[PDB]
């Protein structure tokens, strides 16, 4: 189970306000929080917060993260949104609706292994 440092760093209200602010200013983009699955071997990521157009796919977003942590192409990465790996043909906008947190953000976990959940 993920202990999100973004959630320990900011209160529920804080997160609710800021996500609503960013969604009002940029309604065609979805706010994303990215943290590494605890105990996974993969390198930690330098950038945690992401504002991405709802027109891009999950496969495209994964490339962004892969490139961010400079993961070799021959190494796997798996995204988790609430213990389940999301469909790569899905758009971040479609994905936002189904998996958005109570606070208005989309939380994405990543790992080098899919032993984490479903």
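Numbering follows the first chain given and starts at 1.
Visitor: Going by the mean C-alpha B-factor recorded in the entry, which is higher: 57 to 65 or 86 to 94?
Guide: Taking the mean B-factor of the alpha carbons in each, 86 to 94 is higher.
Visitor: By its CA B factor, does residue 77 count among the lowest, middle or highest third of the modelled residues in the chain?
Guide: Residue 77: CA B-factor falls in the middle third of its chain.
Visitor: Looking at the temperature factor on the CA atom of residue 37, which third of the chain's modelled residues does it land in?
Guide: Highest third of the chain for residue 37's C-alpha B-factor.
Visitor: Would you mind checking where the Cα B-factor of residue 103 ranks among the modelled residues of its chain, as the lowest, middle or highest third?
Guide: Tercile = lowest for this residue's CA B-factor.
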